[PDB]
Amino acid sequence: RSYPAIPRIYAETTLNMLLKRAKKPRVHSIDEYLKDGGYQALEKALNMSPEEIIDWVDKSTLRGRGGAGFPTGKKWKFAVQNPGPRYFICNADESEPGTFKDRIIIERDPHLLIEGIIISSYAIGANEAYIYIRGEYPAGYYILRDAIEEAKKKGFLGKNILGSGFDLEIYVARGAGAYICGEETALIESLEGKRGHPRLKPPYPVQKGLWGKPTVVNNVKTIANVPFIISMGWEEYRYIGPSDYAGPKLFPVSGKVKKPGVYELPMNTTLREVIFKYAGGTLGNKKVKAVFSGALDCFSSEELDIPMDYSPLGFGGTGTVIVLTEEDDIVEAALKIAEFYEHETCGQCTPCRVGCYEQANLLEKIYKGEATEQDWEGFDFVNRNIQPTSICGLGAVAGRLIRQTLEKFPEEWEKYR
């Protein structure tokens, strides 16, 4: 089974859950998965009612790992309050800069994800599920297709799964270059065969989603926790890590570290610990200047002793860690972030459409040293006015990281003025 070439992303875990198999950079097929007790959580789940499973996932305190942190139990509970048919969607779009964690589960332990999808689908009474995977992950696509056929052959998919009376097919859909299709509504829109334009909310997918029907969208990693919850029980699971943010967390670490990769750690871990204790410290042992929290936030070196939780003074985001050291030009880096939002705005809202473009266009002039005073004053203004009238999260955050760089590194920006 020859698949496209993939780089071997380093992975390390102190919990040995989501990365139990995926810490090794190869495809774990069904026989090997079955040898680790794979699909036994599914068998257990099918002897429970859907309601019991919803309850177990609720009492586990599992929160969505896609960014928003929404409690998975309550989300499932909302969808089942509305009449069927109902749809389950696995969000595998992972297009945010610095994020490369979902792919390793997909490419190395697909059966973990599939098992999660089946349990989750049965829990909300969904007879059709979808994996929406970005088009720049072709190997993941092909690996998932083959894994699905394997599971089908073993009787874990199809009609009347293991005499349970439950029917499920999992369809795999591919993106074609659009960060915005990771937003749940725009994903459904793409799944319906249209442009990836986010829908006004409310209504939310759990009420009106795919074909206007109750739809649950969950992140790959959220789903991958479900087998563990069924297997261990809610009471044991909730005691993993800190109580406010329970469960294993995956931290993608990149940039100027000695050991860039995916790290499975508890959320009570510190930013300093991620970089130095796990990621092996900085390259050349240069001083850390800044940490870009993907394309969302910018933390300085005076802020490394903060937990990696969704606490007030926590790192938050999706725990994405891009390290910049002392020689790295952060206005050059800020430009790169600007350029991302420019290429990814869907264009529906005027301040986002125009603001994402102008932020990048003007910052390039500042970087190249050809900006006028009016270009500078205008960059500032554009940066604080991407948000208004916006109907999705991208517009609300397109200027956040850059604004923090202006506030936290004023001396470096003065150099360009």
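Residues carry their position along the shown sequence, with the first being 1.
Asker: Tell me which stretch, 192-200 or 298-306, has the higher mean Cα B-factor listed in the entry.
Answerer: Comparing 298-306 with 192-200, the higher mean C-alpha B-factor belongs to 298-306.
Asker: Is the mean CA B factor in the deposited entry higher across 263-271 or across 98-106?
Answerer: Taking the mean C-alpha B-factor of 263-271 and of 98-106, the larger value falls to 263-271.
Asker: Just to confirm, going by the entry's C-alpha B-factors, which of 243, 254, 222, 127 comes out highest?
Answerer: Of 243, 254, 222, 127, 243 has the highest C-alpha B-factor.
Asker: Just to confirm, going by the entry's C-alpha B-factors, which of 359, 47, 40, 29 comes out highest?
Answerer: Most elevated C-alpha B-factor of the set, per the entry: 47.
Asker: Sort the modelled residues of this chain by their C-alpha B factor and say whether residue 33 lands in the lowest, middle or highest third.
Answerer: It belongs to the lowest third of the chain when residues are ordered by C-alpha B-factor.
Asker: Pull the Cα B-factor of residue 19 out of the PDB entry and bin it into the chain's lowest, middle or highest third.
Answerer: CA B-factor rank for residue 19: middle third.
Asker: Thinking about Cα B factors across the chain, which third does residue 334 belong to?
Answerer: CA B-factor rank for residue 334: middle third.
Asker: Would you mind checking where the Cα B-factor of residue 326 ranks among the modelled residues of its chain, as the lowest, middle or highest third?
Answerer: Residue 326: CA B-factor falls in the highest third of its chain.
Asker: Classify residue 91 as lowest, middle or highest third according to the C-alpha B-factor given in the PDB entry, relative to its own chain.
Answerer: As the PDB entry reports it, the C-alpha B-factor of residue 91 lands in the lowest third of its chain.
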